[PDB]
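Working through the structure, step by step
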Amino acid sequence: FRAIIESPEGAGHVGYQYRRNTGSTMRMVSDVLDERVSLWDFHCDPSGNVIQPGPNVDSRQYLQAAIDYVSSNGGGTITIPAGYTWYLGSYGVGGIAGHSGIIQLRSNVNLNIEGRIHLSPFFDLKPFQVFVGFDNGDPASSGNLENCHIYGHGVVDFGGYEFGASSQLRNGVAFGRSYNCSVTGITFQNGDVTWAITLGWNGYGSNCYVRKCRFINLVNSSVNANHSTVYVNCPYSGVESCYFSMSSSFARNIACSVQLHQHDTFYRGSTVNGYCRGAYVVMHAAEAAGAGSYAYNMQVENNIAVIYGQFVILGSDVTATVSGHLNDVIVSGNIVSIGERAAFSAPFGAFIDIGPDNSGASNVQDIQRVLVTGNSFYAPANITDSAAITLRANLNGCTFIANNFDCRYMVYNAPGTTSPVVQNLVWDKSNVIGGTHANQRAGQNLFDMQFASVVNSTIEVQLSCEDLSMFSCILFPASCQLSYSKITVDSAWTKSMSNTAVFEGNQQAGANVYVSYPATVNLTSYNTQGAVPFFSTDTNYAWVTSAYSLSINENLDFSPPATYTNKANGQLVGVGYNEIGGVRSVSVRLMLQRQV
Amino acid sequence: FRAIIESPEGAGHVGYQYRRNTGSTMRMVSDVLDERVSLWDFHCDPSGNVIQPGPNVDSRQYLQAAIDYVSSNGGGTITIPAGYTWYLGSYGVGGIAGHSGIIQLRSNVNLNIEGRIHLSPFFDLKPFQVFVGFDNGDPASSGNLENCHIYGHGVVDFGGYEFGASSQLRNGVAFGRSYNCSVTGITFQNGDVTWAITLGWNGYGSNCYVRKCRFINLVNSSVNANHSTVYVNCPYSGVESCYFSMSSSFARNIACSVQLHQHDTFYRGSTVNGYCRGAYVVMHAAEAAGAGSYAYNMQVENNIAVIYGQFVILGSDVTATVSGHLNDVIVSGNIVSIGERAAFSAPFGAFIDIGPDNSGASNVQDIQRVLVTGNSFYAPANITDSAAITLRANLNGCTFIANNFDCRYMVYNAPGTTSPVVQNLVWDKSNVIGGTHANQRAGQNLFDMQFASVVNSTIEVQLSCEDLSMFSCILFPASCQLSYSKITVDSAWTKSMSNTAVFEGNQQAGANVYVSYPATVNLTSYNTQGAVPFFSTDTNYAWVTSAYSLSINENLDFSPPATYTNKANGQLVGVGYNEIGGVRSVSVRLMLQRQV
Amino acid sequence: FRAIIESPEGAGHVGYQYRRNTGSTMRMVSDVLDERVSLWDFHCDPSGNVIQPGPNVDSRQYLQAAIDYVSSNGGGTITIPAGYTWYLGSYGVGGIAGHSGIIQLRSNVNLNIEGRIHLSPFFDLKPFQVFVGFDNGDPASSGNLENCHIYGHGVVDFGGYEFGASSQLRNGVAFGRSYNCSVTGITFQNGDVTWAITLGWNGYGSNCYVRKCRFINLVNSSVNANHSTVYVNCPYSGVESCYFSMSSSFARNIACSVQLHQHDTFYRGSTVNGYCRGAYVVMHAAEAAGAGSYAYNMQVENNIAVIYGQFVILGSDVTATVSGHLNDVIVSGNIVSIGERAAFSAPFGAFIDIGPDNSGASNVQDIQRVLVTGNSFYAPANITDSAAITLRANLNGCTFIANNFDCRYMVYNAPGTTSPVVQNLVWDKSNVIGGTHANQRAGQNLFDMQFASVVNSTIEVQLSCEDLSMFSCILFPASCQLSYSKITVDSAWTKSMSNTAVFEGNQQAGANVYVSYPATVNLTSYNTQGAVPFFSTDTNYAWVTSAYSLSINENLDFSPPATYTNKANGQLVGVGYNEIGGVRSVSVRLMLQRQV
Ligand SMILES: CC(=O)N[C@@H]1[C@@H](O[C@H]2O[C@H](CO)[C@H](O[C@H]3O[C@H](CO[C@@H]4O[C@@H](C)[C@H](O)[C@@H](O)[C@H]4O)[C@@H](O)[C@H](O)[C@H]3O)[C@H](O[C@@H]3O[C@H](CO)[C@@H](O)[C@H](O)[C@H]3NC(C)=O)[C@H]2O)[C@H](O)[C@@H](CO[C@H]2O[C@H](CO)[C@@H](O)[C@H](O)[C@H]2O)O[C@@H]1O
Ligand SMILES: CC(=O)N[C@@H]1[C@@H](O[C@H]2O[C@H](CO)[C@H](O[C@H]3O[C@H](CO[C@@H]4O[C@@H](C)[C@H](O)[C@@H](O)[C@H]4O)[C@@H](O)[C@H](O)[C@H]3O)[C@H](O[C@@H]3O[C@H](CO)[C@@H](O)[C@H](O)[C@H]3NC(C)=O)[C@H]2O)[C@H](O)[C@@H](CO[C@H]2O[C@H](CO)[C@@H](O)[C@H](O)[C@H]2O)O[C@@H]1O
Ligand SMILES: CC(=O)N[C@@H]1[C@@H](O[C@H]2O[C@H](CO)[C@H](O[C@H]3O[C@H](CO[C@@H]4O[C@@H](C)[C@H](O)[C@@H](O)[C@H]4O)[C@@H](O)[C@H](O)[C@H]3O)[C@H](O[C@@H]3O[C@H](CO)[C@@H](O)[C@H](O)[C@H]3NC(C)=O)[C@H]2O)[C@H](O)[C@@H](CO[C@H]2O[C@H](CO)[C@@H](O)[C@H](O)[C@H]2O)O[C@@H]1O
Ligand code: NA
Ligand code: NA
Ligand code: NA
Ligand code: NA
Ligand code: NA
Ligand code: NA
Ligand code: NA
Ligand code: NA
Ligand code: NA
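Residues numbered from 1 in each chain as written, not as in the entry; some residues may be left out. Chains lettered and ligands numbered in written order. Heavy atoms only, no water.

1. Observations regarding the overall build of chain A
To keep things clear, this is the line we draw: Secondary structure elements are defined from DSSP: runs of H or I of at least 4 residues count as helices, runs of E of at least 2 residues count as strands, and each element is numbered from the N terminus. As a reference, a globule follows 2.2 Å times the number of residues to the power 0.38, and the radius of gyration itself is taken over C-alpha atoms. The buried label goes to any residue with under 20% of its type's maximum accessible area, the exposed label to any with over 50%, and the partly exposed label to all in between, with areas taken from a 1.4 Å probe on protein chains only. In these tables, accessible area is a Shrake-Rupley quantity obtained with a 1.4 Å probe, and a residue counts as shielded only by the protein chains included in the view. When charges are tallied, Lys and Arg are placed among the positive residues and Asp and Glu among the negative ones, while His and the ends of the chain are skipped. Note on charges: their place is set at NZ of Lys, CZ of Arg, CG of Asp or CD of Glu.
The secondary structure content of chain A amounts to four helices and 54 strands. Here the C-alpha atoms of chain A give a radius of gyration of 32 Å, more than 25% beyond the 25 Å that 2.2 N^0.38 yields for 596 residues. Overall, chain A is about 130 × 55 × 40 Å in size when its C-alpha atoms are taken along their principal axes. Relative to its full complement of 596 residues, chain A shows a buried share of 69%. Surface exposure of chain A reaches about 17000 Å², of which carbon and sulfur atoms provide 47%. Within chain A, the 40 negative side-chain charges are centred at a point lying 3 Å from the centre of the 29 positive side-chain charges.

This is how it looks when you write it as structure tokens:
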């Protein structure tokens, strides 16, 4: 009996009944211990003796053995115990080797990480993906991962190692073709990695989430080619209530917090500091296998960010046989700023970017039905390269309502570069343009419409303070066609502006262009006492449907017309009043209107 | 000693002291095992031998025994172990029998569901409510359920069984008269049920929540009368971060995700696919016992939905002795679309519906102080039956600001049908009207004001693209009274429209009606050289306070007035200018204005 | 052997191997029991015998012993067992004694509170802070607390005791200089306390959160000086999805739910009832040591509140050597109401308050770049002291877009009192002004601009119903300078108003003031048949750049001008038309415009 009791089967001979309840199961101690499982149950030598973790012990095979066994019983939760650091020191084998995998995840096997998991210097300068849910080196031939959750108060620490080569890939958790999988509560820190977590594979997967995680200092070298902390590559998936921080200079040029790359995905309630970018919202044709060619129902909401480049980047692209489409997006409630930096020291600052594809093409995109509403954006006054929207590729629609943008440009695209075709750009009068960059805008147009064409668009400009440094509120080069559009410049704070709206190709004459903006006009009357016509000297007003005074009349003996219409020769004309006769000559600020 | 050790009291004789710490309690193994409890501790035959769960074992009595016992000790958490499916195969007894109850929940007893709970075919074609928190067949005589939480990574599977009769009810969790109760993390799937979860009872309860749950395929037959996945019937309660999906055709006609039926309730951050409806926000008089007659502080926010009917439905109704009121509602940040379907193939598509009561009455409602802001809505171009708001019953107020609606109608109600009395309908100019349905609107009015009366309302129409197919932007039949209102149609994209605003009863003449909209007007001048009057041919402008040109003047020898006022006979009149004399005749596009 | 087995080392001699797996560690029962730890493991007398908790047992030393021991092993989670109430009955010792501390928290030691923790009457009328993370009486000399989480379904009950003196402080959890600490799921109830939870210390700390907690009835006496349920005094920290309720009358005058006092902090998705205030968003100079002098990236979003005073209070202040600044704030998606109360029975009701410092100074603040968007506010019609914004101290900017405010005042500040200097106040036309207080406003100005000066501001007034009781829509006293501003009053529902906008110092004449508002004007024409001038009788219109008719013309034989400009003597003048000659005299409603 003593022998049995001291043997590994001893607990299986000690009887137990819950709280001495006579109606409860007569069990053995081992049965109750068998209800939970930890790494300690597999972290042993060939003779079954427990091995202490530490920097000179590779815990990988033990952890894999745990996962494999629990998988065999239909699943469960393995605890990685608190108060210990568990080092990983070799690559895994089989299907995950194609993915430089360390640990293979398996369906229904959750990890409750309370302790710390730390990479050993075996991985210095090498690729790695710490946890991998694919079961095949080729993801297309991989089975699925289902019902796998990683959670706890613990830590995945990437050991600080730099990348060995830019072409290398590194990841924390790749769930694979992942259905009902999640990461909750975990801190990922101290690396130079490509991603911390990836969800799904080219649209295959569903209901994957990252919640209440922290990601701290995950880029550290110039070798790192590119970093996106969470890539969401399956639908009905998202990121909520996370914290993302970088301190590296390199992160300000390369790192993004989230990629939303399939339909019905979201990014909410998170805080970001030290990153180049906030989120991509993208349909890559190359990734359309699992869930279709459309990214729709895309939500970026209630985030806080200090970034150095662009907050939300929109795009879609094509392959030889597939075309990607992006539609039905909402960006709302976010408060974002470009952090302190020199002008042009990082990628061009923006709230929204319409980004050309990875080859630079701006004529492949099919982006539409986007609503950008109730956001704040700020950039410091020196950051010339800051815009509410950098509109650098074809756009089929984007709607701005009730935002507050306080940066250098409202709408921008660089001249010379791409010439996007623009449709359904709506900038509602309820967008408030801040004043931080007042006096900085010499030579610049607030809305610099450097496009091939604009159609079915609305730009309602409303200033909230003066900025007499700007060349114009809005300017269209002669190369930009403009049709079936509404372009207005509210008069407030514009009295002293030389140019308000500028149409370098006189595009405001178009049949279906609806405009209004202030201008100064010289007029001269006839001599006649009484009701008397005033006519503009210039003849550039053939497009004007009505105009009205924005100036007081300092005279007693006459008054100019309150309102004007035009004449076939391009003059304005209205009827004023000469109390006493005489030819009058006045220079008046008018609101020019066309079909409005 | 050997006998004691092998007995069910053996663990109570093996000493233990935590980590060999001399300051720790000298305990027995059984004490430490007694700190947790699982179904295995009650899942045993009369001789105390453990019984394996499976399809031919009814786990119900064992689970009830666990709950009952733990209840007796002041509560705790029972685990339902992972890696096992636990079948339920009979009805419960006593107080829950009135509710077709299987398991009775008890206060302070939490269930940590890690495994799967599955209904056996005993329940095929029968009613059932799996977990029930009432303790009496009559809910009015029921005690409360308090501090009961169901959580975990497991699954409640309803076995796929269809309803036997439409009158049957089926539920997953009925918390009852429920205070501080919740469901977190659980997947409900594979049924034909009425509800998955219900919270509270007719206003009794508080602080009940459903968080991070999934609801998958919970309608499957034509027998199912009606389905609402979560019913929230107690205050200070809500639904957050959940996932709702249906695949059945029947779900598109019958199923709703959430009912918010008491004050201080919310529905946020959730994704819905395949449902008819998103949420009801309702005060039923019949349900006002526990928390009063007012549903206020109702929040629907930051959800993603593809539905087939209406997203948010507002209502309130009355009984012989109680009147229900709905006020102080916010609907914001939601991105919603009507899924691909034929016109009229499901209930009429809408973002907001003002729904008549269950008997069809439209004159019982008291709905007011609603804010609908910063939402997106889309319906495909063929879906004739799509509206920003279907306003089908009396409305005492609803405010729309800064939404983006892209569907067939903005405001709609069917003619012939109900004639709602409308007050305080506010449609701010910052609502962007999309263009998906451009060219589809022959015979239709964008804002079809098919009401008994409208008062204290604002409709500011702003197009963003042309749609010359529409009969009018806004139309009031002669049967609709209109007073103390503002109705404007911005001119942009309307130059070629025959009708902009239409008042079939000439209601725009009312003393306290403030309007403006474009119109084409024929004018003829007197002969006089110099300042010369132009007068409209028609005499239908007695209501007009001013009008101004929206057309250019192609002439050299004269110009029409820039502006006009009226004359008692209904003509317009203004002063233009004949450089040379002669009677002039022109047809001009004017902005007609009344008291604006 | 029997002796060993019955000894406290007995479990260390019973072998166990997980599920009889031959590849698993050969362990001893004690090893597996050692994987978890509870209060029962320390809740024992000097002889190691377990002691039952209860009202006459002080559990404090036992709980401290547990925390201390687990701390010694690098951390872990101590469970406070369900089904027991654990009373605390004495003060702690050492470093926490300076903080009236009961229990000292330690790094990496989590508490899983499933049972109830209750204060014994030893604490009646005494200060206390139940859990304290400082390790020194002087917080400046304190070490940090890291990785400390308190979570569970249990309860901290403050025993109902009143404060003994107003100067006393009481707290639930003070995390101290706290990094990666949180409270989740816990109910705090039944006290008279200063705070329930405090996070950080004067900017030191990071990543501290309070989530899914309840706070119930935490003020109960007139002695209580001040109450704020959660104070957030470290960056990258916040409050989400919590419930706050008070029932005391005193709470309506003293209690606030949240203080956000450092950068990158948030308050979201919470419900508040019975409180005076919702949140302070503040930079106290006195608290700038740990994270700088700027509070930026401040987010208050998607909350539900019934309060009696002010919802969000903004401020910043200075010390002898430090100046605090507040910028980059977003307040959105909140639905708030002032609960039923008499006028002036609690602190003045407001959605936003710009509050003077604790000494009453209104000239120390540096508050700017605030966006208040997509919120609802309501106050009952009798509550005279209700405002969208009480603007009581210097303001460097605040932007309102697309809110719905339904209360007595829009903008208010009491006359006589403070004279704030106001810059960059933007009130967009998309703010909807409700009608609840229509007919209550005798003697009152809707926008009562009781400031020293206003600059670079926009007030676009839009009514949605009539309120002829109000003295004016907007009024500027002569003492308020006004420059570089836009002030408009839309005409809708104003026809019958005697005063619309009132400039008691004729400030609308300023060179860079842009205004428009309705007025009634008497005009008289010359005799001349044909085109004929009309001139105002009054000469108060020297500032007017144009005016246009808002009235119909009931006459046949003539018409007044549609539009007007001015003359140097301050008259208006326009050209109408006498079909037949004669001097005309008319009283017309005009839209007066200046530079707009
Ligand atoms: C860091 C990051 O994610 N950046 C975004 C861009 O991602 C694109 O580049 C990445 C560079 O790291 C990825 O490519 C790299 O990795 C590929 C995948 O690795 C293979 O497959 C894995 C499943 C295995 O485990 C690996 O062992 C390996 O075999 C590899 O094929 C590439 O050669 C390599 O460079 C990223 O690739 C995606 O990664 C996810 C997550 O792991 C995976 O689920 C996908 O299957 C995989 N996709 C593809 C096509 O391989 C690759 O997409 C991203 O393109 C960009 C979006 O913005 C641009 O495009 C927009 C749309 O046109 C445009 O609007 C915008 O302006 C553009 O800048 O955003 C980040 O830069
Ligand atoms: C599926 C669903 O919930 N639909 C919504 C409507 O709910 C209404 O019909 C339901 C049909 O299933 C419910 O009625 C059914 O159930 C009743 C309750 O069951 C009894 O009581 C339980 C406590 C016991 O456990 C049961 O054993 C049983 O005894 C039963 O009395 C009815 O006879 C039966 O048809 C639903 O009833 C509510 O259910 C909740 C949750 O279980 C419960 O807490 C309530 O006490 C109970 N209420 C009542 C009054 O019984 C019943 O409300 C819902 O009416 C509708 C709202 O929209 C309509 O009304 C709006 C306001 O006028 C109007 O704006 C809109 O246009 C209308 O369509 O939304 C769903 O259809
Ligand atoms: C209840 C509450 O928090 N009210 C808010 C105001 O807080 C200010 O008053 C509080 C009164 O309780 C606090 O002061 C009290 O406590 C101080 C701290 O206790 C000391 O230090 C602790 C760390 C130890 O554990 C204690 O043992 C003790 O030694 C004490 O020094 C004060 O003497 C006492 O009155 C509150 O103090 C802060 O407390 C937090 C949390 O514990 C702590 O992290 C801070 O270090 C500590 N700060 C300071 C400076 O001591 C104190 O701040 C708050 O001022 C107000 C904001 O609104 C006003 O100011 C705005 C900006 O000018 C203005 O816009 C607005 O209109 C004003 O009303 O909001 C609440 O009233
Ligand atoms: Na690979
Ligand atoms: Na849009
Ligand atoms: Na071009
Ligand atoms: Na029943
Ligand atoms: Na409203
Ligand atoms: Na009628
Ligand atoms: Na102190
Ligand atoms: Na602002
Ligand atoms: Na002054």
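So much for the structure itself; the text now carries on.
2. Observations concerning the UniProt feature "binding site: Ca(2+)" (unreviewed entry) in chain A
Condition: UniProt positions are given in the numbering used here, feature names are shortened, and annotations may be inferred rather than shown by experiment.
When the UniProt feature table is mapped onto this chain numbering, "binding site: Ca(2+)" (unreviewed entry) sits at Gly98(A). As for its placement among the helices and strands, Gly98(A) is situated in the loop between β5 (85-88) and β6 (101-104).

3. Overview of the site of ligand 2
Residue and element names in this part refer to chain B. The line we're drawing: Residue proximity to a molecule or strand is established when one non-hydrogen atom of the residue lies within 4 Å of it. We call two N or O atoms a polar contact when they sit within 3.5 Å, provided that within protein one can donate a hydrogen and the other can accept it, with sequence-adjacent residues counted only if both atoms are side-chain atoms.
Close to ligand 2 lie 28 residues, the nearest being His99, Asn202, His284, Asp317 and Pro356. In this structure, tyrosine 231 approaches ligand 2 through a side-chain N or O atom, which is 2.9 Å from an oxygen atom. Relative to its unbound accessible surface of 1200 Å², ligand 2 loses 75% to contact with the protein. For the shell around ligand 2, the secondary-structure elements that each account for two or more residues are β18 (227-232), β24 (277-283) and β28 (310-316).

4. Let's talk about the coordination of the sodium ion (ligand 5)
Put simply, the test is: Counted as donors are the N, O and S atoms within 2.8 Å of the metal, or 3.2 Å for Na, K and Ca, while water is not among the atoms, so some sites may look incomplete.
With distances of 2.2 to 2.8 Å, the protein atoms coordinating the sodium ion (ligand 5) are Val370(A) (O), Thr399(A) (OG1) and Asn404(B) (OD1). Of this pair, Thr399(A) sits in strand β35 (residues 398-401) while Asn404(B) sits in strand β36 (residues 404-406), on two different chains. Given the relative accessible area of 7%, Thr399(A) is considered buried. Residue classification places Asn404(B) among the buried positions, given a relative accessible area of 8%.

5. Comments concerning the relation of the copies chain A and chain B
Going by this rule: All copies share one frame, set by a least-squares fit on their C-alpha atoms.
Overlaying chain A with chain B gives an RMSD of 0.0 Å, the required rotation being 120° about an axis along which the chain moves by 0.0 Å. The transformation relating the two chain copies, once decomposed into turn and shift, fits a three-fold axis.

6. Details of the site of ligand 1
Residue and element names in this part refer to chain A. Test applied: In this count, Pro and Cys sit with the nonpolar residues alongside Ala, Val, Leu, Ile, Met, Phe, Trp and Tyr, while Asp, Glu, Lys and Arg are called charged and the others, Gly among them, polar.
By nearness alone, 28 residues border ligand 1, and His99, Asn202, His284, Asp317 and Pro356 come closest of all. Within the side chain of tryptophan 195, an N or O atom sits 2.9 Å from an oxygen atom of ligand 1. Contact distances for ligand 1 include 2.9 Å between an oxygen atom and a side-chain N or O atom of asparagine 233. Considering each element in turn, the shell around ligand 1 owes the most residues, three residues, to strand β18 (residues 227-232). Looking at the shell around ligand 1, its residues break down into 10 nonpolar, 15 polar and three charged.

7. Quick notes on the coordination of the sodium ion (ligand 9)
Binding of the sodium ion (ligand 9) to the protein goes through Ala452(B) (O), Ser479(B) (O) and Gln481(B) (OE1), at separations of 2.3 to 2.5 Å. Between consecutive donor residues of the sodium ion (ligand 9), the sequence gaps follow A-x26-S-x1-Q.

8. Points about the pairing of strand β43 (residues 458-461) of chain B
Residues in a regular strand project their side chains so that they alternate between the two faces of the sheet. All names here are of chain B. Operational definition: Only strands joined by at least two bridges in the DSSP assignment are considered to pair.
Because side chains alternate across β43, one face comprises the buried residues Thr458 and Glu460, and the other comprises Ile459 and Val461, equally buried. Sheet topology note: the strand β39 (residues 425-427)/β43 ladder contains two bridges and is parallel. Note that in β43 the partner of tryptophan 427 across the bridge is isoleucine 459. Here β43 pairs with strand β46 (residues 485-489) via four bridges, running parallel. From the neighbouring strand, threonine 458 faces β46, where its bridge partner is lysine 486.

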